[PDB]
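Reading through the structure tokens given below for one structure.
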Amino acid sequence: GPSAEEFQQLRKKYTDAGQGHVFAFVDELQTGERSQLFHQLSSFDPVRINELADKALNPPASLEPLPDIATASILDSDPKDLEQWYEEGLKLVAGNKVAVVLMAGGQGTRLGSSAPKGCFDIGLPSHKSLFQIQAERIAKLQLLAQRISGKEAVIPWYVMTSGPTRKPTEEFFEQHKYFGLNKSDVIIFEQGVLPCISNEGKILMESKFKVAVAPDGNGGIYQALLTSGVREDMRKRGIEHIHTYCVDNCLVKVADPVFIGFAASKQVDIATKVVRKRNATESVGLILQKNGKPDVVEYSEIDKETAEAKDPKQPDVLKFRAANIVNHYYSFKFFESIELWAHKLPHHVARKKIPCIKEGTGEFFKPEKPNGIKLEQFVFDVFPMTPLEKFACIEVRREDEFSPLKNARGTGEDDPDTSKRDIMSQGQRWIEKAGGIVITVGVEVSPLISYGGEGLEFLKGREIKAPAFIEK
Ligand SMILES: CC(=O)N[C@H]1[C@@H](OP(=O)(O)O)O[C@H](CO)[C@@H](O)[C@@H]1O
Ligand SMILES: OCCc1ccc(O)cc1
Ligand SMILES: OCCc1ccc(O)cc1
Ligand SMILES: OCCc1ccc(O)cc1
């Protein structure tokens, strides 16, 4: 393990930085525990931690709805354009130019599962997990693309996890044989962490030999794409277009060809999907403009007066209603610039009850009130680095595209039951549109049968008894 000299040099750095309390219990640690503490502390720069704590604890507009050059809506689109963008998106898939990054490092504190959120079974007839439904969407788009190329189509799946989720995620994917995808085209990687900070700016000790850390927010994606090797893998594959999304949306149109096609046609660096906000209290970030710059306002920071503000000309409708649904497109060229701006991203403060050592006794205690803060970066904080002309915000239909799993069963909204209803409602609607008659709520349609409502003609004239599950 670490030499005395190495350990003293580390101790000097931390002590000079006013963080020498992290070594309060060194004299009683076992060799292994001492090693852990050494390596963990070596992984942070205590001066940087001080810089972050200082900005957090002693912190240092032109703020209207997005302009019309920057916005589009599926509702207002010419159907011939939607068809063309879909075809162009599928051609890019067939070209092996499309990748997916899945943000699955969330805890799911509101959901109360012990397992990764992606593993959750919302109670469909199939009992498929969120991960498996997403994987099957990828499989299906590959198969559709192969129809046009006559060659293998691969959409690599890069799954970002946290330390709370990485091992069980990999085990789950392995036990399912990667849901019929090739393991060689799925990479599970971890996002980074930052130390939790006390109200007084001091690093919190989880144990006598471990610093309390937390994942660094979904904005941690960008640094993690470099350190993980993922960006290099995309380069080696000739990836040009990336779809990034959150695991909790059970209706997510993974690698949606119309989205990719549209974004690519406009040659944007970034595109993003929104829906109309369902009310002033919905826990969604709101996409709007700031200071000549596309930007977002998170639900945890917005002020009542803006969440409740009304449209100038229509006083019964909310002014800000472009709910961020965490559904983003990037050019690969954008990812090649990460190094120039990853350090420019802000840290957002969240005050938290961080279980730690009673700084004295060494007794582990869950505190009664918030004893410190976690810092997080947010994926959308790149939007202001991007010229308005290299940005697109598209309205899509909530009932087809956005059904988040946030809360435990019995909450009443954004829960397993709303998720299940939304998928099975989608299924029924697709069947009906293809000429099927459903007798009854709803019908689960496997993604391997239909990605987006296509391919259901074989049900024309048929009677389907709901609840049902259409599969192989
Ligand atoms: C940083 C980030 O991506 N935040 C997202 C994300 O919030 P959560 O706090 O992870 O629930 O999901 C919302 C949609 O469910 C979206 O509106 C919001 O902006
Ligand atoms: O618990 C004794 C360790 C300690 C060291 C430095 C400080 O500033 C405070 C506490
Ligand atoms: O980057 C994480 C550094 C780290 C190293 C060793 C540990 O035992 C724990 C954390
Ligand atoms: O004009 C908007 C076209 C459009 C529709 C749906 C998407 O997902 C993306 C773009």
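The first residue in the sequence is number 1, and the count goes up from there. For the numbers below, each heavy atom of this structure counts, side chains included, while hydrogens, waters and symmetry mates do not. Remember, it's 1-based here, ligands and their atoms both numbered in the order they're listed.
Of the N and O atoms on the side chains of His21 and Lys202, at least one donor lies less than 3.5 Å from an acceptor on the other residue.
Remark: minimum distance from atom 7 (C) of ligand 4 to any protein heavy atom is reached at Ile394 CG2, 3.8 Å. When only non-hydrogen protein atoms are considered, atom 4 (C) of ligand 3 lies nearest to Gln40 CA, 3.8 Å.
Close N/O approach between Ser77 and ligand 4 is found [any backbone or side-chain N/O within under 3.5 Å].
Shown in contact with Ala72 at under 4.0 Å from a heavy atom are these atoms of ligand 4, numbered in order with element: 1 (O), 2 (C). Close contacts between ligand 3 and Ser43 involve ligand atoms 1 (O), 2 (C), 3 (C) [criterion: under 4.0 Å to a heavy atom]. Close contacts of ligand 3 with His39, meaning ligand atoms under 4.0 Å from a residue heavy atom, involve 5 (C), 6 (C). When each atom of ligand 2 is checked for a heavy atom of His21 under 4.0 Å away, the hits are 3 (C), 4 (C), 5 (C), 6 (C), 9 (C), 10 (C).
Under the rule for a side-chain hydrogen bond (donor to acceptor under 3.5 Å, both in side chains), the partners of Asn50 that lie at least two apart in sequence or sit in another chain are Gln19. Partners of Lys140 under the salt bridge (charged side-chain N to carboxylate O under 4.0 Å, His left out) rule, at least two apart in sequence or in another chain, do not exist in this structure.
The aromatic rings of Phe173 and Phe131 sit perpendicular to each other, their planes meeting at more than 60°, with 30° as the lower class boundary. Note: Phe179 and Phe172 have tilted aromatic rings, judged against thresholds of 30 and 60 degrees for the angle between ring planes.
Residue contacts with ligand 4 for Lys273 involve side-chain atoms from C-beta outward but no N, CA, C or O (heavy atoms, distance under 4.0 Å). Under 4.0 Å from ligand 4, the heavy atoms of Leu82 that appear belong solely to its side chain. With a 4.0 Å heavy-atom cut-off, ligand 2 is reached by the side chain of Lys202 but not by its N, CA, C or O. The proximity of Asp256 to ligand 4, defined as any non-hydrogen pair under 4.0 Å, is limited to the side chain.
Comment: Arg421 does not engage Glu399 in a salt bridge, judged by the lack of any side-chain N to carboxylate O separation of less than 4.0 angstrom. By the 4.0 Å N-to-carboxylate-O rule, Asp185 lies close enough to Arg237 to be salt-bridged with it.
The structure places CZ of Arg397 at 5.5 Å from CG of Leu75, a figure rounded to the nearest 0.5 Å.
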